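Have a look at the structure below, then the notes.
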Amino acid sequence: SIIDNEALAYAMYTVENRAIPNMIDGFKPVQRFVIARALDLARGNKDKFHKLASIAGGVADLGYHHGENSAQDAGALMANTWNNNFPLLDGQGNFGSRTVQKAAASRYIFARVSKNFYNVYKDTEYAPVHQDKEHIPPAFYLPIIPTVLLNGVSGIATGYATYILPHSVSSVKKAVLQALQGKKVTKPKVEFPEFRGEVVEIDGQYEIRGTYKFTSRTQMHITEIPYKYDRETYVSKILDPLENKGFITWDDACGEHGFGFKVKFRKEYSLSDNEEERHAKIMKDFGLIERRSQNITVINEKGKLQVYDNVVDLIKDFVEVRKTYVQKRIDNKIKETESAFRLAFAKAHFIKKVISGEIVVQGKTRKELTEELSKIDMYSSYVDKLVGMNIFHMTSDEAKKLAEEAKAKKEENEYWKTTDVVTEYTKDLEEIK
Amino acid sequence: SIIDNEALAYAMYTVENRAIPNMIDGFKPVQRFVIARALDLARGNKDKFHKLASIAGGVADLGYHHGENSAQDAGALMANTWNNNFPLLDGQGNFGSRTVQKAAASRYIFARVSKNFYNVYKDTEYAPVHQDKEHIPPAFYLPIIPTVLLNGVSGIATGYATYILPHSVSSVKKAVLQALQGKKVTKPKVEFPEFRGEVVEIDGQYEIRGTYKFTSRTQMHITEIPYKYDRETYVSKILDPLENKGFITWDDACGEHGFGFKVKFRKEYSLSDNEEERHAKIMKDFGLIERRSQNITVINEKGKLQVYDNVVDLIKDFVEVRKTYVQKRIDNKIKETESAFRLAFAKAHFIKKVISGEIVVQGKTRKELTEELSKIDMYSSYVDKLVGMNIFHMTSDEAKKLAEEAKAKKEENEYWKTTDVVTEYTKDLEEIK
Amino acid sequence: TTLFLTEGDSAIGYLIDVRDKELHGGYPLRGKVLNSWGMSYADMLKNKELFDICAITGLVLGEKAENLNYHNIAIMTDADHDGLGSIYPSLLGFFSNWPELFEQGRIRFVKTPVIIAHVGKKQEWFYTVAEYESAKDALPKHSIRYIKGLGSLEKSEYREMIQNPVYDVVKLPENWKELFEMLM
Amino acid sequence: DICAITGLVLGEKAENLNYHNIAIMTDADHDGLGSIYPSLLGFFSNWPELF
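Chains as they are written, first to last, in PDB author numbering: chain A, 10 to 442; chain B, 10 to 442; chain D, 409 to 592; chain C, 460 to 510.
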């Protein structure tokens with residue numbers, strides 16, 4: 010009756026280190042540890058360029074029960090906007106291209122944490138601590154717009170797979186901003202990066218296509234190819250299978266945005282007309298029409314995985330996490346600001362007592378004024394802080410204007426007291442752009 | 010007349026890119042770069058073995074206008090306690106051996122500054138910078154006993170070649186300590202590191218001999234060979250030309266320290282008797298005696314070059330530069346301590362007027378205290394440091410402690426006031442160990 | 409007696425500076441060795457370092473595991489990537505030619521550490537990352553040093569890790585053909 | 460490969476030149492200044508009409 014102690018240990022392999030991200034943060038655990046190492050190499054200076062090996066070689070005491078190479082190439086693959094839309098991490102160097110989806114080195118490229126992460130990942134420290142002691146990252150970082158819909162996850166786990174496709178940021182901005190308002194949730198539109206083709210619904214499934222552009226009787230210039238193949242697998246899977254039949258030939262003239270391959274027609278082919286069968290022969294031959302599958306299979310705030318037919322319920326569960334996870338900050342700041350104005354009245358009243366100087370300080374030993382600070386109701390909770398008083402307090406400019414910043418934190422005290430969660434989250438949604 | 014713009018460029022390739030060291034620091038040009046890179050990383054963690062890539066890729070901004078491979082293997086070759094006597098820069102890794110004089114890699118090897126270096130290289134920070142602006146190391150560092158005599162330097166420049174020999178630590182210490190007194194200068198003795206043979210002169214020139222031991226009628230134990238013989242080049246250069254005649258044979262029995270080479274004679278040899286021609290055949294055949302030559306050519310404190318026939322004038326010139334560069338430190342410490350004495354006296358007097366509180370202190374709003382202390386004759390000059398006063402010092406115990414510090418500063422100021430070059434330099438010469 | 413099949417001239421330099429002349433032996437390796445079981449037994453005889461360890465131990469190929477000049481064979485590698493998966497599958501595949509060496513268990517492993525902190529006068533000895541995890545709750549003065557390599561220890565740590573080793577065993581399941589075909 | 464790309468066949472004049480200009484850039488610390496520039500100059504000095 011001991012062999013199950015291995016099997017639950019096998020469950021140790023299949024709970025905390027899966028490829029499925031959680032539905033609040035949108036973060037894989039490997040991405041949580043490499044984010045923690047990116048900020049750990051940021052610390053004070055965010056703008057400092059971290060070394061890829063120094064990122065990767067330091068993850069070992071951050072919670073990763075694996076090696077440095079998986080975080081090392083994970084950081085390489087999500088660093089580039091040719092594959093994803095929302096940059097989670099900036100860097101000095103190249104991390105790939107649409108033409109070539111391979112990075113430069115695991116040991117050359119620099120890295121730093123982007124400002125828009127901080128524009129969307131406030132309150133990532135008030136999350137409760139994990140069950141496992143190694144997970145110093147939170148179980149979910151708390152965003153204003155989640156990363157399940159931002160960018161894409163193409164992962165295979167134990168019986169579960171995600172191909173969560175990227176969406177356009179103004180549409181998810183409107184979706185979260187409107188699901189805050191409590192009406193029927195706008196579905197976010199899908200916009201792959203640097204894409205001027207057509208992604209369209211057929212029946213429940215988003216098909217993708219690029220643009221192919223006829224220019225003469227026997228020539229084209231292919232504007233885009235679908236996002237499954239970049240150059241050589243595309244040629245080996247498509248362009249050399251139709252080129253080796255002798256039907257058609259191609260030449261490499263890839264431009265800045267998208268692709269630029271120039272296609273020359275040979276003579277044995279259909280060469281059809283009427284713009285029905287020639288276009289159908291193009292999407293049967295050049296492979297413009299590509300079909301995918303969608304299933305929002307994502308773990309929630311608990312250990313259970315939730316399967317969603319559509320991301321409206323994903324945004325709803327995200328915002329139902331986020332409302333209480335910022336009302337925690339509302340209660341924390343209220344309890345901070347009440348004693349903050351109490352210490353504000355301590356310092357302002359004591360400095361008007363000091364610039365009055367009715368309390369006598371000269372020839373007073375053994376901190377004798379603390380003997381008249383301890384019997385005050387209000388100064389006695391702040392005694393050390395209120396004998397920490399240099400001479401620059403004694404000038405009445407920094408008595409009276411420090412009293413007027415006590416009134417400024419009074420009006421900010423009533424500003425946090427009068428505000429509620431929905432309008433500061435409206436400020437969160439409105440000041441990202 | 011611009012082809013000399015090539016040729017004078019040759020004169021910044023044959024003057025400042027020379028391999029000739031200096032008499033003062035005993036350093037090569039690249040050695041100042043790797044020392045400055047190691048100390049630039051030392052900072053607080055002067056014990057964390059920094060990676061040889063980080064030293065080696067770090068010397069780009071130090072001003073070394075050559076390859077990183079040169080410093081990358083230089084730091085490997087000068088971090089050896091067996092190639093050299095005095096440990097200057099420690100580390101963890103391979104730095105060469107008497108079996109094979111190579112490192113195992115350069116990528117699993119990390120280097121470190123030694124505490125003995127800081128026991129021996131005081132006034133490092135006082136060193137004047139080079140005439141070239143890009144040279145972030147200074148012109149020469151400053152030892153207590155020189156690095157020309159210790160550990161040796163060897164190289165060949167255009168027209169001049171240095172072959173300066175390692176010397177023993179206590180004799181270089183006695184040489185500097187005894188030529189500081191202006192007596193007849195002791196030439197330092199030579200102790201090669203881990204050498205149990207015999208180092209003696211022949212004619213003005215040193216010989217090095219190891220140890221050969223008759224163990225039977227036809228057996229040999231070369232317990233030591235001379236210093237510039239490793240295992241396999243001595244085997245293939247001498248012992249294998251002796252092997253191919255059928256004369257001798259070898260056994261690999263290398264000992265704990267030094268060598269252990271056991272050589273058995275064969276019967277197609279001399280095998281002469283009477284203990285004067287067999288030993289003649291030994292150190293003419295096995296090569297137990299090795300000779301050399303001496304030429305002390307070394308660049309002086311400026312860019313010129315000077316030649317000595319002995320290290321007596323080298324030690325004399327080292328200590329006669331050291332006398333003035335300790336005298337500069339004496340004057341700098343005197344000029345620091347007089348102003349620090351007057352300042353500490355002012356602060357002790359003001360803590361007496363604080364714990365008295367005879368200054369009117371309350372109601373001096375708009376800084377009327379320091380408008381009363383701006384007319385005191387000495388308090389004025391440091392008003393911005395007489396005003397950093399908490400209430401924490403109103404009890405008299407810290408006032409009396411700062412008065413005790415003031416009395417302590419007086420005798421200290423008298424100790425660094427009345428002192429000079431000789432006793433501080435000989436206290437450094439005492440406390441190098 | 410034992411033979412150390414360690415790596416490089418560095419480790420045999422430290423081993424010459426450390427070992428007992430009577431008890432502990434040693435031998436380095438010249439360089440990169442390929443896959444072990446893609447090559448014929450006469451071609452293991454064509455290989456140089458395998459013939460060297462056939463002659464030093466006295467167990468040449470095609471013979472019963474007897475007349476061994478070393479009763480023990482130890483292999484001593486770097487615990488980052490230099491011998492954790494490179495020296496060991498090829499060396500265990502070559503030592504799989506004599507199963508009687510494995511029946512007596514005559515091949516061992518000496519574990520160089522991963523993390524060492526220098527606390528007090530006597531530095532600590534986290535052998536792996538798992539012990540570093542499990543004993544970070546009670547360990548003072550956390551000044552970390554990495555042992556990613558044989559060179560990352562000095563002569564003293566090499567001395568107390570030869571004269572007091574752990575001698576970890578080599579792998580031996582119920583089938584010795586199914587597990588060595590994984591790498592191909 | 461580069462003599463096939465440029466069209467300057469070995470042993471003939473610079474005719475049927477596919478590229479009118481040849482430019483070299485490398486990492487200018489020591490990666491291409493004293494390493495591949497004298498080797499490429501030794502290649503291109505065999506045709507002094509290029510010079």
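Cβ coordinates follow ideal geometry from the N, Cα and C atoms, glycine included.
{"Asked": "May I ask you to report which of helix, strand or coil DSSP gives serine 560(D)?", "Found": "coil"}
{"Asked": "Assess contact between the region 190 to 199 of chain B and the region 223 to 237 of chain B, defined as three or more Cβ pairs (one per stretch) separated by less than 8 Å. Is contact present?", "Found": "no"}
{"Asked": "Assign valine 109(A) to one of three DSSP states: helix, strand, or coil.", "Found": "coil"}
{"Asked": "Tell me, to the nearest whole angstrom, how far the beta carbon of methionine 452(D) is from that of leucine 469(D); I am working on the premise that it is less than 8 Å.", "Found": "6 Å"}
{"Asked": "Where does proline 573(D) fall in DSSP's three states?", "Found": "coil"}
{"Asked": "For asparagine 26(A) and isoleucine 308(A), which I take to be in contact (beta-carbon distance under 8 Å), what is that distance rounded to the nearest angstrom?", "Found": "With 8 Å as the limit, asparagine 26(A) and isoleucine 308(A) do not qualify as a contact, their Cβ atoms being about 12 Å apart."}
{"Asked": "Which residues in chain B have a C-beta closer than 7 Å to the C-beta of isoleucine 424(D)? List them in chain order.", "Found": "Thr108 and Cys263"}
{"Asked": "Going by other Cβ atoms of all chains shown within 10 Å of its Cβ, with 16 needed for buried, is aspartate 428(D) buried or exposed?", "Found": "exposed"}
{"Asked": "Looking at chain B, is there any beta carbon in it that lies within less than 8 Å of the beta carbon of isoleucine 385(A)?", "Found": "no"}
{"Asked": "Residues of chain D with CB under 7 Å from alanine 69(A), in chain order?", "Found": "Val537"}
{"Asked": "Which of helix, strand or coil does DSSP assign to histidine 358(A)?", "Found": "helix"}
{"Asked": "With distance defined between alpha-carbon atoms, name the residue in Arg107(A), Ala113(A) and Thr108(A) nearest to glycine 100(A).", "Found": "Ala113(A)"}
{"Asked": "Would you check if the region 407 to 425 of chain B and the region 342 to 357 of chain B touch, i.e. whether three or more CB-CB distances between them fall below 8 Å?", "Found": "yes"}
{"Asked": "Have a look at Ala65(A), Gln371(A), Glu407(A) and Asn89(A) and flag the residue whose alpha-carbon is nearest the alpha-carbon of residue 4(B).", "Found": "There is no way to answer for residue 4(B), as the model of chain B reaches only from 10 to 442."}
{"Asked": "What whole-angstrom Cβ distance do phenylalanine 268(A) and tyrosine 221(A) have, given they're in contact under 8 Å?", "Found": "Their Cβ separation, rounded to whole angstroms, is 10 Å, which puts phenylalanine 268(A) and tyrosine 221(A) out of contact at 8 Å."}
{"Asked": "Starting from residue 443(B), find everything on chain D with Cβ-Cβ shorter than 9 Å and list it in chain order.", "Found": "Limits of chain B in this structure are 10 at one end and 442 at the other, which puts residue 443(B) out of reach."}
{"Asked": "Can you tell me where the alpha helix (DSSP H) holding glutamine 81(B) begins and where it ends?", "Found": "77 to 86"}
{"Asked": "State the DSSP-derived secondary structure class of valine 430(B), mapped to helix, strand or coil.", "Found": "helix"}
{"Asked": "Using a Cβ-Cβ cutoff of less than 8 Å, which residues in the same chain neighbour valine 199(A) once the five nearest sequence positions on both sides are dropped?", "Found": "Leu174, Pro175, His176, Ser177, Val208 and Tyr215"}
{"Asked": "Note the first and the last residue of the continuous alpha helix (DSSP H) segment covering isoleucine 461(D).", "Found": "456 to 464"}
{"Asked": "Does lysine 222(A) come out as helix, strand or coil in the three-state DSSP assignment?", "Found": "strand"}
{"Asked": "Under DSSP, the alpha helix (DSSP H) around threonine 167(A) begins and ends at which residues?", "Found": "Premise fails: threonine 167(A) is in no alpha helix (DSSP H) and is neither H nor E."}
{"Asked": "Is the distance from the Cβ of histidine 59(A) to the Cβ of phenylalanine 119(A) below 8 Å?", "Found": "yes"}
{"Asked": "For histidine 288(A), report the span of its alpha helix (DSSP H) as first-last.", "Found": "286 to 294"}
{"Asked": "How far does the beta strand (DSSP E) with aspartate 260(B) in it reach, from first residue to last?", "Found": "257 to 260"}
{"Asked": "Return the chain-ordered list of same chain residues with a C-beta closer than 7 Å to the C-beta of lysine 337(A), the five sequence neighbours on each side being excluded.", "Found": "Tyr135"}
{"Asked": "I need the DSSP call for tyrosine 22(A), collapsed to helix, strand or coil.", "Found": "helix"}
{"Asked": "Determine, using beta carbons only, whether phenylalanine 42(A) and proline 155(A) come nearer to each other than 8 Å.", "Found": "no"}
{"Asked": "Could you please give the first and the last residue of the uninterrupted beta strand (DSSP E) stretch that includes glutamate 210(B)?", "Found": "207 to 210"}
{"Asked": "Go ahead and label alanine 20(A) buried or exposed: buried means 16 or more other beta carbons lie within 10 angstroms of its beta carbon, across all protein chains shown.", "Found": "exposed"}
{"Asked": "Is it buried or exposed for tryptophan 506(D), if we count other Cβ within 10 angstroms and need 16 for buried?", "Found": "buried"}
{"Asked": "Residue range of the beta strand (DSSP E) that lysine 271(A) falls in?", "Found": "270 to 274"}
{"Asked": "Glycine 84(B) CB to nearest chain C CB: under 8 Å?", "Found": "no"}
{"Asked": "Go ahead and pull the three-state DSSP assignment for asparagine 480(D).", "Found": "strand"}
{"Asked": "With a CB to CB cut of under 7 Å and the five nearest residues on each side skipped, what residues in its chain are close to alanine 415(B)?", "Found": "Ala353, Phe354 and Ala357"}
{"Asked": "If the criterion is Cβ atoms closer than 8 Å, does the pair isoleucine 257(B) and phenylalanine 274(B) meet it?", "Found": "yes"}
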